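*Asks:* Shown below is the structure under consideration.
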Amino acid sequence: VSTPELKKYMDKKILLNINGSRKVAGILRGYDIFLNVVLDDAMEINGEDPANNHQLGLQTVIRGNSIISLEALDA
Amino acid sequence: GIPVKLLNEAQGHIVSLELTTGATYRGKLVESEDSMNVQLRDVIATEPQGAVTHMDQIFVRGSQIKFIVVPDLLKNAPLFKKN
Amino acid sequence: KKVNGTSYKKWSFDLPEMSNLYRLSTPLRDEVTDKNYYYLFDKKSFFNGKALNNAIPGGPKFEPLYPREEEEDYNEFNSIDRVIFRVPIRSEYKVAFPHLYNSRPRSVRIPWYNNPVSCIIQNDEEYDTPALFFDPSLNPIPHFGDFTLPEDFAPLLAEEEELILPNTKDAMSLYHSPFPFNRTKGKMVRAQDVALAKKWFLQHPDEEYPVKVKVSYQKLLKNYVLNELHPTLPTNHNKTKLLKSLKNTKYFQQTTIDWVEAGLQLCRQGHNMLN
Amino acid sequence: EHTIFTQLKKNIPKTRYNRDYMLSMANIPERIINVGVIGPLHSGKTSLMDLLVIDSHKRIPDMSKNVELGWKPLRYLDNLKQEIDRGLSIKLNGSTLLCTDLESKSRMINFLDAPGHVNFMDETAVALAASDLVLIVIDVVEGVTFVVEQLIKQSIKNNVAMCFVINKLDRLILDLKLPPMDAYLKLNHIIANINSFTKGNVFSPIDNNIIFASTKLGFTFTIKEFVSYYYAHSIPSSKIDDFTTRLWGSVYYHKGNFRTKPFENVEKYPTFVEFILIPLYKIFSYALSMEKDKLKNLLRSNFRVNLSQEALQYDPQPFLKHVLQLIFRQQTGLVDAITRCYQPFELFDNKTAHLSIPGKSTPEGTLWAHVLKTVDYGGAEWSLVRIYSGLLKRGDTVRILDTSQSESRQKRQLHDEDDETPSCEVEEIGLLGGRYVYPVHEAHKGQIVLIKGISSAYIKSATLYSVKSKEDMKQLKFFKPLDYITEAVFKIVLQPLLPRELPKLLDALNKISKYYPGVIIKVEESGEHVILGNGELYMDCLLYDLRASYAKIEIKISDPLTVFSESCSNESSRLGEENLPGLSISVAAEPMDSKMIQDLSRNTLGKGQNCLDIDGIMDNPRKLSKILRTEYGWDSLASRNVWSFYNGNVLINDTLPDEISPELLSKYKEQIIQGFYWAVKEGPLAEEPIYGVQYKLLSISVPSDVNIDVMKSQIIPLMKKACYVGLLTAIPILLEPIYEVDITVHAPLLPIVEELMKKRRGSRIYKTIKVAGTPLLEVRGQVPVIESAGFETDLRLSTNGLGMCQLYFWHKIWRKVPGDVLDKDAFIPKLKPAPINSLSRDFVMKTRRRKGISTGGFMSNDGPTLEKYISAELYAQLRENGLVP
Amino acid sequence: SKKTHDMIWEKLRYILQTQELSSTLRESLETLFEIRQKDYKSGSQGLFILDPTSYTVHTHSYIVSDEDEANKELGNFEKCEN
RNA sequence: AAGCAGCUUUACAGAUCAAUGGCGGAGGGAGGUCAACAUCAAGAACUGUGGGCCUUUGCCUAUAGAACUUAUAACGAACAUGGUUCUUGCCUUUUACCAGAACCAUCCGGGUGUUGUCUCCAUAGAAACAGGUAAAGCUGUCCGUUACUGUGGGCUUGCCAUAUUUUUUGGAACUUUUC
Ligand SMILES: Nc1nc2c(ncn2[C@@H]2O[C@H](COP(=O)(O)OP(=O)(O)OP(=O)(O)O)[C@@H](O)[C@H]2O)c(=O)[nH]1
Ligand SMILES: [Mg+2]
């Protein structure tokens with residue numbers, strides 16, 4: 001019905017936690033009414049910051065059902 | 001419904017939200033939606049195991065939240081009256 | 001249903017009866033609907049003309065409120081080589097703005113400014129002109145499967161088919177009407193208190209009347225101002241009226257007779273008193 | 001004698017809310033919003049405040065039985081005794097209310113209704129500076145007249161959002177009796193007329209920018225409010241947002257589906273007519289005409305509205321108001337438009353950068369507020385203040401800088417100490433409530449409150465700051481002096497009737513210069529007192545309080561005068577000289593360009609999305625020489641050597657010692673300009689200000705010896721003497737101000753008005769607009785202010801009340817007075833208006849005798865002549881050539 | 001014939017109110033609306049030489065849907081044996 | 001604006017036919033050119049109740065109720081007279097007079113609320129009992145339907161879409177340490 005308001009964030013590097021354990025931080029391009037969020041230059045954060053981190057793809061889309069919280073690291 | 005309307009009353013008011021993941025985000029409320037997904041400012045975050053951090057801005061999906069704590073004063077908010 | 005009872009107070013009428021009395025009353029009604037007609041001719045301007053010793057051209061003339069006027073101060077303030085003469089300060093200017101165009105105004109009262117310019121369209125030529133109608137003298141207005149609702153969804157009041165009822169043209173004439181024809185209920189007044197000819201000299205007469213009757217408009221205004229200027233308020237402790245205290249006495253009895261019989265009974269009694 | 005005002009705390013009327021919940025919403029800056037209600041004369045602004053007050057309060061003691069019925073309006077925010085008697089708002093007034101929108105989100109809203117009369121255009125300049133958005137109230141009959149056009153252009157200028165209320169819809173049916181299609185085209189003509197003046201934003205009832213209202217009958221609505229009450233029950237909940245967009249704007253409906261083209265075989269109206277105007281006019285028709293038993297069934301069936309048993313025995317106008325109050329229940333659609341229009345993320349930073357200098361956001365430790373005006377509110381002297389940062393409690397001490405000092409103090413803040421600012425204590429804080437003051441212990445960010453104890457520290461506005469550290473004082477911003485739109489140009493000279501009452505006059509003139517912020521009160525050297533005002537009504541409102549409220553004395557008062565300005569029409573062995581030979585300064589004069597003068601009157605210099613404001617017009621001297629060379633075609637040397645723009649005038653250095661030693665000139669430059677400000681303020685003709693003269697400093701002589709003590713003190717009176725010699729040689733003229741006129745008359749009465757404009761002197765009608773749908777038409781013209789004495793009431797008596805005009809001075813039109821100013825043989829008749837060729841001589845000679853400059857027995861003419869300044873031997877040399885008369 | 005003539009105005013008012021018009025024609029149409037409020041005082045001057053009873057009232061009730069005999073033939077020459 | 005569901009009634013058939021609970025009832029309507037008491041011009045103004053301070057008054061705070069009259073200010077969209085004093089005007093003087101003021105009164109009236117009286121028309125009932133005031137079901141008992149059903153009326157309701165990411169058609173289930 002109503003679109004979530006992410007409007008200020010877009011174009012800002014954002015960390016968000018998906019479903020049970022996973023945390024993913026990436027630039028955010030698009031959002032829809034289900035909160036499905038597509039962000040580019042995705043990286044999967046882990047305990048060891050440089051080491052266990054692995055990039056995902058050039059463009060990644062996320063189902064809104066697996067989003068627990070969204071925090072934007074930036075202005 | 002009144003419970004969501006009340007959340008609008010919370011807006012701009014320091015509010016505490018407990019996630020169904022177990023965390024606790026206490027801080028100011030920037031925005032809310034009928035979905036109930038709430039985004040906060042200057043939140044003090046408490047992880048499920050107690051580790052506390054501080055985050056400049058936050059957004060949380062509505063489905064996740066277990067309960068919200070809103071300003072005690074809201075209680076006598078005008079809308080509530082039955083008649 | 002039209003009055004409370006035979007004590008005859010607090011009447012209440014319906015719309016057809018009220019527009020009918022409005023229609024009969026047209027030789028004696030007010031016949032003016034905008035308050036901008038009374039611009040420099042209301043009683044606040046009349047009070048100022050008395051106090052400033054000015055004369056509105058249809059208004060009354062009074063004595064000077066401050067007859068000690070001829071004193072003056074020899075000063076360079078209002079000299080002729082000081083004053084720029086562009087517009088002659090008329091007396092209508094001195095009453096419209098009493099504190100600007102008057103050196104030393106006192107006991108003047110603040111007048112009302114304008115009202116909105118009243119553009120009320122009335123229709124009197126034909127009964128068959130509708131109540132809502134683009135009259136002449138109005139300027140024209142020169143300008144210029146996707147979505148579906150369920151059928152039988154209608155606007156509000158769609159089951160009532162007509163906009164103009166047969167009493168709307170009468171009711172809007174009563175709406176813009178002055179007192180008492182805009183009211184459908186009200187208390188009774190005493191036959192003394194219905195001032196039928198009062199509205200005639202509270203208006204400008206016309207240029208066509210001769211001079212002996214324009215004075216009669218000006219002399220009846222002067223009586224109207226002096227009653228409005230000096231109110232004599234009634235006191236509340238006057239609880240003993242005459243007829244009420246005479247009724248309580250055993251020496252007065254009560255009946256109902258004809259007016260002419262009561263008039264002849266007071267001429268015979270009044271003759272027997274003086275004789 | 002002065003106001004009506006509830007003094008007692010226990011008689012302040014209770015609210016439906018508990019008012020402590022309202023004060024706790026003051027903690028949140030985003031929650032509170034500040035709307036000021038502006039509009040034309042008698043537009044329904046105070047009446048609109050009547051609706052918001054009596055629906056917020058539960059029982060008002062000032063409200064009578066005629067006011068509880070429809071008969072007389074509660075002008076609750078017209079509390080002054082003069083405002084009751086004039087029937088007219090005069091002062092800015094307001095009320096702080098807790099209001100809910102359609103989403104039932106309550107928030108604290110600070111209303112402030114401006115007076116709509118055009119002579120009180122100073123009071124709405126306060127409301128434009130105070131408010132976050134303006135609620136521009138328009139009557140549907142007059143529509144967008146010219147005074148509406150400025151209130152749109154000013155709110156764009158002040159970086160303030162706007163939201164329109166089309167008012168008086170009862171006149172659209174009960175006065176004018178338009179059929180429902182013909183009134184839709186009235187509304188569509190108005191909304192298409194406000195969209196041309198709002199250059200960027202489109203305004204439309206779908207976009208929730210426009211509210212429809214008829215305030216006498218006590219209702220107001222948006223189309224979003226109206227759908228959400230009565231149409232949202234029937235259509236699906238996913239359809240209500242798309243249905244209200246198909247509601248205005250030439251789209252038709254028939255049997256479940258929508259089309260832009262008209263339906264065939266069906267007499268059909270647009271969707272706004274069929275769903276809103278047709279059900280509205282049936283309420284107007286049936287509450288006046290349908291039987292009360294049949295109408296009671298149509299209000300349950302369609303509106304779910306029960307008429308009371310007491311409500312059936314009503315008169316027709318209270319019954320129509322009681323129905324239209326039952327329908328259109330609260331003003332929730334008004335508040336929802338006020339909520340949805342204001343965007344603080346876009347506007348609040350540009351509003352601050354317009355009232356003060358553009359800079360970064362001051363920190364939250366700084367208390368920082370803008371003192372708008374001093375208000376005689378309820379038998380006391382309060383200060384109207386809006387807080388922009390920090391927190392203010394009762395009893396604190398704050399630094400209060402008068403805004404007239406803030407030009408230099410902001411300039412001295414750059415620095416490439418102490419005793420800077422007087423301090424007053426916050427004695428008491430209150431919320432304006434119309435007829436009362438509600439006391440509060442503190443006042444948070446973003447809200448308008450009233451503070452007692454500030455008013456002695458300033459005149460006519462102030463800035464209020466309370467800084468913690470000295471380093472934090474470096475970043476705070478000072479407000480600019482407030483842009484009252486009309487210049488005070490209507491002149492009245494007064495003195496008291498008794499000479500021993502003069503200290504009581506000087507006390508009351510100091511209260512009026514605070515309370516009436518659009519005045520310019522000055523004292524002449526002859527001892528008389530000059531008051532500058534906006535119009536006839538503005539003086540008559542002023543001189544009432546001067547005679548009755550603020551000084552009980554009687555005073556002598558002259559006829560209406562005006563301010564004159566001085567200028568040239570040419571230029572001109574041109575030199576100037578002091579009795580000592582050490583100083584020789586030659587100044588030439590020239591008329592400025594007409595486009596150059598007209599843009600400086602608009603307070604900004606430039607053209608075509610490139611303009612430089614007058615405050616920082618020295619700070620970009622490279623950019624300034626680009627603007628002057630490209631836009632106006634000046635010389636490259638004249639572009640570089642401009643020194644100062646004082647008001648409507650310009651100084652150019654054109655000399656050869658500037659090509660020799662400009663550094664010697666530069667140490668004396670700040671006082672040549674100070675002497676230049678000393679010359680523009682009082683000109684050579686009749687001690688009048690100078691306007692539109694291009695000064696060129698031709699030469700300057702420096703004595704064989706440098707004394708910093710003496711050469712500084714001597715060049716300032718000589719430069720003022722030197723500017724006079726340039727102006728008088730350059731064929732001087734006299735300028736007069738020109739009011740612009742906005743006449744509203746019925747169409748047959750137009751040749752009465754055209755003959756009425758011919759009786760005045762310099763009057764001309766420029767445009768005649770047929771006001772659509774109405775019998776009246778709008779007449780736009782001009783009149784000189786010296787001729788506009790009683791112009792307003794000559795119009796109304798000749799048209800028998802069907803005429804009305806507004807006299808205003810927005811555009812600063814200065815026109816040459818048609819005479820020649822140096823005419824020794826001009827015929828000035830006594831007691832009669834002089835002819836048109838004798839006007840410039842007359843207006844100067846009478847002004848020089850008010851001032852006392854020219855002293856005669858009865859009429860002795862020593863004109864403004866070029867011989868008391870230049871040497872007498874040179875003045876005889878000028879006569880033989882025929883250059884100087 | 002006020003009743004039908006009001007209906008002519010009402011349709012003519014629907015022209016410059018709800019329909020787009022060519023420009024030069026449009027200002028003439030609203031000038032007719034301007035003459036309406038000025039009450040037709042500049043279209044009512046002529047040579048009323050005949051009294052209303054000196055003109056024998058032969059108000060000819062011919063309509064413009066009648067074939068009207070087109071009698072050009074009497075303007076030709078003929079030969080009166082009369 | 002309709003069917004159903006819910007609620008409230010309802011003619012009711014009812015559970016109980018007990019103790020209950022709700023709503024009403026414990027001496028009528030409309031009126032009167034009837035009366036008697038109040039009350040009707042003031043910090044934009046009132047009264048009652050609770051608490052705190054000082055020592056009853058007063059102040060502060062909380063709460064309840066405010067008939068009538070007032071904003072181009074007054075019970076009355078009406079308007080007469082008199083007294084004293086000052087200033088005029090007719091001018092022999094005194095009433096009688098002229099027409100402005102200021103301060104006061106008189107007179108013709110008006111609103112509202114109580115209580116009584118009078119005319120007209122009434123009659124359930126539980127209007128049964130007992131307590132008192134300036135007042136009354138004011139209180140206690142009390143009884144009429146009845147507190148849980150189904151038929152019949154009204155809405156204050158449902159949000160008209162009931163399984164496919166933010167709520168109610170399941171990411172559930174299983175095993176392990178410490179204590
Ligand atoms: N027909 C009509 N007249 C109205 C309406 N609202 C107000 N008026 C009239 O408009 C005039 C001015 O009303 P106010 O509410 O005082 O208007 P305002 O905006 O305060 O006017 P200013 O004080 O001059 O700014 C009065 O004569 C009112 O009776 C309305 O809804 N309809
Ligand atoms: Mg106003």
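If you're wondering about the labels, chains in the structure tokens are A, B, ... by order shown, residues count from 1 in each chain, ligands from 1 in order shown.
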If we count only C-alpha atoms (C1' of nucleotides), what is near range 124-126 of chain D at a cut-off of 7 Å, once residues fewer than 5 positions away on the same chain are taken out, given as a list in words?
*Replies:*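 Listed by chain and then number, they are residues 38, 114, 115, 372, 483, 484 and 485 of chain D.
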*Asks:* Store the residues picked out above, limited to C-alpha atoms, as a short mmCIF file (atom, residue, chain, number, x, y, z; two decimals), in the first residue's frame.
*Replies:*
```cif
data_model
loop_
_atom_site.label_atom_id
_atom_site.label_comp_id
_atom_site.auth_asym_id
_atom_site.auth_seq_id
_atom_site.Cartn_x
_atom_site.Cartn_y
_atom_site.Cartn_z
CA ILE D 38 -2.39 36.33 5.55
CA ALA D 114 -2.23 39.19 9.92
CA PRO D 115 -4.45 42.17 9.25
CA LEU D 372 9.86 39.99 15.82
CA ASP D 483 11.59 43.89 5.15
CA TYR D 484 8.38 45.76 5.73
CA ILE D 485 7.02 45.80 2.22
#
```
*Asks:* Report the closest atom pair, with its distance in Å rounded to one decimal, for each residue of chain C that has an atom no farther than 8 Å from chain E; count only C-alpha atoms, sort by chain and then rising residue number, and write it as CSV.
*Replies:*
```
residue,atom,partner,partner_atom,distance
C:136,CA,E:37,CA,6.2
C:137,CA,E:37,CA,4.3
C:138,CA,E:37,CA,7.6
C:139,CA,E:33,CA,7.2
C:140,CA,E:33,CA,7.1
C:141,CA,E:17,CA,5.7
C:142,CA,E:17,CA,5.0
C:143,CA,E:17,CA,5.9
C:144,CA,E:20,CA,5.6
```
*Asks:* Deliver the residues from the most recent selection as a file, using N, CA and C atoms, as a CSV table (one decimal), in the first residue's frame.
*Replies:*
```
chain,number,residue,atom,x,y,z
C,136,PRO,N,-27.6,38.2,-16.3
C,136,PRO,CA,-26.8,39.2,-16.9
C,136,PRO,C,-26.2,40.1,-15.9
C,137,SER,N,-25.2,40.9,-16.4
C,137,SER,CA,-24.3,41.8,-15.7
C,137,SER,C,-23.2,41.0,-14.9
C,138,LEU,N,-23.3,39.7,-14.8
C,138,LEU,CA,-22.2,38.9,-14.4
C,138,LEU,C,-21.2,38.9,-15.6
C,139,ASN,N,-19.9,39.1,-15.3
C,139,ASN,CA,-18.9,38.9,-16.3
C,139,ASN,C,-18.8,37.4,-16.7
C,140,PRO,N,-18.5,37.1,-17.9
C,140,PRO,CA,-18.4,35.7,-18.3
C,140,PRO,C,-17.1,35.1,-17.7
C,141,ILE,N,-16.9,33.8,-17.8
C,141,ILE,CA,-15.7,33.2,-17.3
C,141,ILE,C,-15.0,32.5,-18.5
C,142,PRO,N,-14.1,33.2,-19.2
C,142,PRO,CA,-13.5,32.6,-20.4
C,142,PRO,C,-12.2,31.9,-20.0
C,143,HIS,N,-12.2,30.6,-20.3
C,143,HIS,CA,-11.1,29.7,-19.9
C,143,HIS,C,-11.2,28.4,-20.7
C,144,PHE,N,-10.0,27.9,-20.9
C,144,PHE,CA,-9.8,26.6,-21.7
C,144,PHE,C,-10.4,26.7,-23.1
```
*Asks:* Would you mind listing the residues within 12 Å of ligand 2, counting only C-alpha atoms (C1' of nucleotides) and all ligand atoms, as number ranges by chain?
*Replies:* D: 36-50, 73-80, 83-84, 86-94, 112-118, 120, 123-124, 137
*Asks:* Emit the selected residues as a PDB file, in the first residue's frame, including C-alpha atoms.
*Replies:*
```pdb
ATOM      1  CA  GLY D  36       0.572  32.696   9.753  1.00  0.00           C
ATOM      2  CA  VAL D  37      -2.750  33.607   8.176  1.00  0.00           C
ATOM      3  CA  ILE D  38      -2.389  36.330   5.546  1.00  0.00           C
ATOM      4  CA  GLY D  39      -4.753  37.611   2.901  1.00  0.00           C
ATOM      5  CA  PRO D  40      -6.515  40.658   1.469  1.00  0.00           C
ATOM      6  CA  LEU D  41      -8.962  43.018   3.123  1.00  0.00           C
ATOM      7  CA  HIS D  42     -11.964  41.319   4.770  1.00  0.00           C
ATOM      8  CA  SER D  43     -10.919  37.967   3.382  1.00  0.00           C
ATOM      9  CA  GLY D  44     -12.128  35.922   6.338  1.00  0.00           C
ATOM     10  CA  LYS D  45      -8.851  35.600   8.214  1.00  0.00           C
ATOM     11  CA  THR D  46     -10.006  36.463  11.724  1.00  0.00           C
ATOM     12  CA  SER D  47     -13.219  34.496  11.046  1.00  0.00           C
ATOM     13  CA  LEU D  48     -11.039  31.503  10.111  1.00  0.00           C
ATOM     14  CA  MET D  49      -9.387  31.801  13.501  1.00  0.00           C
ATOM     15  CA  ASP D  50     -12.850  31.775  15.052  1.00  0.00           C
ATOM     16  CA  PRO D  73     -18.842  36.518  14.125  1.00  0.00           C
ATOM     17  CA  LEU D  74     -16.641  35.986  17.137  1.00  0.00           C
ATOM     18  CA  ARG D  75     -13.723  38.104  16.060  1.00  0.00           C
ATOM     19  CA  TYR D  76     -11.832  36.556  18.944  1.00  0.00           C
ATOM     20  CA  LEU D  77      -8.419  37.620  17.719  1.00  0.00           C
ATOM     21  CA  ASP D  78      -9.637  41.177  17.194  1.00  0.00           C
ATOM     22  CA  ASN D  79      -9.347  42.033  20.880  1.00  0.00           C
ATOM     23  CA  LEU D  80      -8.434  45.728  20.644  1.00  0.00           C
ATOM     24  CA  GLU D  83     -10.459  46.716  16.127  1.00  0.00           C
ATOM     25  CA  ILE D  84     -13.965  46.061  17.428  1.00  0.00           C
ATOM     26  CA  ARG D  86     -13.314  49.630  13.011  1.00  0.00           C
ATOM     27  CA  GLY D  87     -14.473  46.087  12.286  1.00  0.00           C
ATOM     28  CA  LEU D  88     -10.991  45.472  11.059  1.00  0.00           C
ATOM     29  CA  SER D  89      -7.813  43.777  12.159  1.00  0.00           C
ATOM     30  CA  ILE D  90      -5.056  46.242  13.020  1.00  0.00           C
ATOM     31  CA  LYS D  91      -2.495  44.396  15.128  1.00  0.00           C
ATOM     32  CA  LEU D  92      -0.938  41.019  14.615  1.00  0.00           C
ATOM     33  CA  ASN D  93      -2.554  38.563  16.999  1.00  0.00           C
ATOM     34  CA  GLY D  94      -2.517  34.837  17.413  1.00  0.00           C
ATOM     35  CA  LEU D 112      -0.935  34.294  13.687  1.00  0.00           C
ATOM     36  CA  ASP D 113      -3.536  36.151  11.629  1.00  0.00           C
ATOM     37  CA  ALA D 114      -2.226  39.186   9.922  1.00  0.00           C
ATOM     38  CA  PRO D 115      -4.450  42.174   9.250  1.00  0.00           C
ATOM     39  CA  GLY D 116      -5.434  42.197   5.631  1.00  0.00           C
ATOM     40  CA  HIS D 117      -5.656  45.901   4.993  1.00  0.00           C
ATOM     41  CA  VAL D 118      -2.897  47.034   2.721  1.00  0.00           C
ATOM     42  CA  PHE D 120      -0.992  47.133   7.582  1.00  0.00           C
ATOM     43  CA  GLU D 123       2.190  43.587  10.219  1.00  0.00           C
ATOM     44  CA  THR D 124       2.128  40.764   7.698  1.00  0.00           C
ATOM     45  CA  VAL D 137      -7.054  33.163   2.484  1.00  0.00           C
TER      46      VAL D 137
END
```
*Asks:* Using only C-alpha atoms and a cut-off of 12 Å, which residues of chain A sit close to chain D? Please list them as a VMD selection string.
*Replies:* chain A and resid 1 to 2 8
*Asks:* Quick one: which residues from chain F are at most 12 Å off chain A, using only C-alpha atoms (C1' of nucleotides), as a list in words?
*Replies:*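 Every residue meeting the condition is included here: residues 165, 166 and 171 of chain F.
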*Asks:* Generate the output file for the selected residues, C-alpha atoms (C1' of nucleotides), as a PDB file, in the first residue's frame.
*Replies:*
```
ATOM      1  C1'   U F 165       7.523 -10.686   2.005  1.00  0.00           C
ATOM      2  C1'   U F 166       5.250  -6.092   7.568  1.00  0.00           C
ATOM      3  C1'   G F 171      10.742 -21.874   9.495  1.00  0.00           C
TER       4        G F 171
END
```
*Asks:* Using only C-alpha atoms (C1' of nucleotides), select each residue of chain F with any atom at most 7 Å away from an atom of chain D, and give the selection as a list in words.
*Replies:*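 That gives the following set of residues: residues 1, 43, 44, 71, 72 and 160 of chain F.
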*Asks:* Let me see the file: selected residues, N, CA, C and O atoms (P, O5', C5', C4', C3', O3' and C1' of nucleotides), as a PDB file, in the first residue's frame.
*Replies:*
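Now in again27.pdb:
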```
ATOM      1  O5'   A F   1     -27.468   4.073   5.103  1.00  0.00           O
ATOM      2  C5'   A F   1     -28.576   4.604   4.353  1.00  0.00           C
ATOM      3  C4'   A F   1     -28.958   3.655   3.243  1.00  0.00           C
ATOM      4  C3'   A F   1     -28.574   2.193   3.468  1.00  0.00           C
ATOM      5  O3'   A F   1     -29.649   1.476   4.064  1.00  0.00           O
ATOM      6  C1'   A F   1     -27.668   2.935   1.419  1.00  0.00           C
ATOM      7  P     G F  43     -15.863  44.648  38.032  1.00  0.00           P
ATOM      8  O5'   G F  43     -14.429  44.097  37.640  1.00  0.00           O
ATOM      9  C5'   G F  43     -14.177  43.612  36.329  1.00  0.00           C
ATOM     10  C4'   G F  43     -12.868  44.132  35.810  1.00  0.00           C
ATOM     11  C3'   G F  43     -12.299  43.378  34.618  1.00  0.00           C
ATOM     12  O3'   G F  43     -11.572  44.289  33.800  1.00  0.00           O
ATOM     13  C1'   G F  43     -10.799  43.228  36.431  1.00  0.00           C
ATOM     14  P     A F  44     -11.995  44.487  32.270  1.00  0.00           P
ATOM     15  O5'   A F  44     -11.569  43.111  31.598  1.00  0.00           O
ATOM     16  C5'   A F  44     -12.389  42.491  30.619  1.00  0.00           C
ATOM     17  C4'   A F  44     -13.273  41.431  31.217  1.00  0.00           C
ATOM     18  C3'   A F  44     -12.839  39.997  30.946  1.00  0.00           C
ATOM     19  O3'   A F  44     -13.258  39.184  32.031  1.00  0.00           O
ATOM     20  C1'   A F  44     -14.973  40.348  30.030  1.00  0.00           C
ATOM     21  P     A F  71     -23.814  42.140  20.764  1.00  0.00           P
ATOM     22  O5'   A F  71     -22.857  42.868  19.734  1.00  0.00           O
ATOM     23  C5'   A F  71     -22.624  44.262  19.841  1.00  0.00           C
ATOM     24  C4'   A F  71     -21.227  44.618  19.417  1.00  0.00           C
ATOM     25  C3'   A F  71     -20.479  43.542  18.639  1.00  0.00           C
ATOM     26  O3'   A F  71     -19.644  44.175  17.681  1.00  0.00           O
ATOM     27  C1'   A F  71     -19.258  44.109  20.567  1.00  0.00           C
ATOM     28  P     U F  72     -20.198  44.470  16.208  1.00  0.00           P
ATOM     29  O5'   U F  72     -20.420  46.042  16.194  1.00  0.00           O
ATOM     30  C5'   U F  72     -19.672  46.900  17.047  1.00  0.00           C
ATOM     31  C4'   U F  72     -20.071  48.345  16.881  1.00  0.00           C
ATOM     32  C3'   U F  72     -21.505  48.692  17.266  1.00  0.00           C
ATOM     33  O3'   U F  72     -21.529  49.988  17.870  1.00  0.00           O
ATOM     34  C1'   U F  72     -21.143  49.179  14.965  1.00  0.00           C
ATOM     35  P     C F 160     -12.866  -6.087   5.414  1.00  0.00           P
ATOM     36  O5'   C F 160     -13.150  -6.796   4.016  1.00  0.00           O
ATOM     37  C5'   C F 160     -14.320  -6.466   3.244  1.00  0.00           C
ATOM     38  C4'   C F 160     -13.925  -6.078   1.839  1.00  0.00           C
ATOM     39  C3'   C F 160     -13.763  -4.582   1.593  1.00  0.00           C
ATOM     40  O3'   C F 160     -12.760  -4.341   0.614  1.00  0.00           O
ATOM     41  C1'   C F 160     -15.526  -5.410   0.258  1.00  0.00           C
TER      42        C F 160
END
```
*Asks:* Name all residues at most 8 Å from residue 108 in chain C (count only C-alpha atoms (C1' of nucleotides); drop same-chain ones fewer than 6 positions away) and give them as a ChimeraX atom specification.
*Replies:* /C:47-48,51-52,98
*Asks:* With chain B as the partner and 9 Å as the cut-off, tabulate the residues of chain D that qualify, each row holding the nearest pair of atoms and their distance in Å to one decimal, using only C-alpha atoms, sorted by chain and rising number, as a Markdown table.
*Replies:*
```
| residue | atom | partner | partner_atom | distance |
| --- | --- | --- | --- | --- |
| D:16 | CA | B:78 | CA | 8.1 |
| D:17 | CA | B:78 | CA | 6.0 |
| D:18 | CA | B:76 | CA | 8.4 |
| D:21 | CA | B:73 | CA | 7.1 |
| D:24 | CA | B:73 | CA | 8.2 |
| D:25 | CA | B:12 | CA | 8.9 |
| D:27 | CA | B:13 | CA | 8.7 |
| D:28 | CA | B:12 | CA | 5.7 |
| D:29 | CA | B:12 | CA | 7.9 |
| D:30 | CA | B:12 | CA | 6.7 |
| D:31 | CA | B:12 | CA | 6.8 |
| D:100 | CA | B:79 | CA | 8.5 |
| D:103 | CA | B:5 | CA | 7.3 |
| D:104 | CA | B:79 | CA | 6.7 |
| D:105 | CA | B:9 | CA | 6.0 |
| D:106 | CA | B:9 | CA | 7.0 |
| D:107 | CA | B:9 | CA | 8.6 |
```
*Asks:* Residues of chain F were defined as contacting chain C if any atom lay at most 7 Å from it, counting only C-alpha atoms (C1' of nucleotides); please report them as an MDAnalysis selection string.
*Replies:* chainID F and resid 31:33 72 78:79 99:100
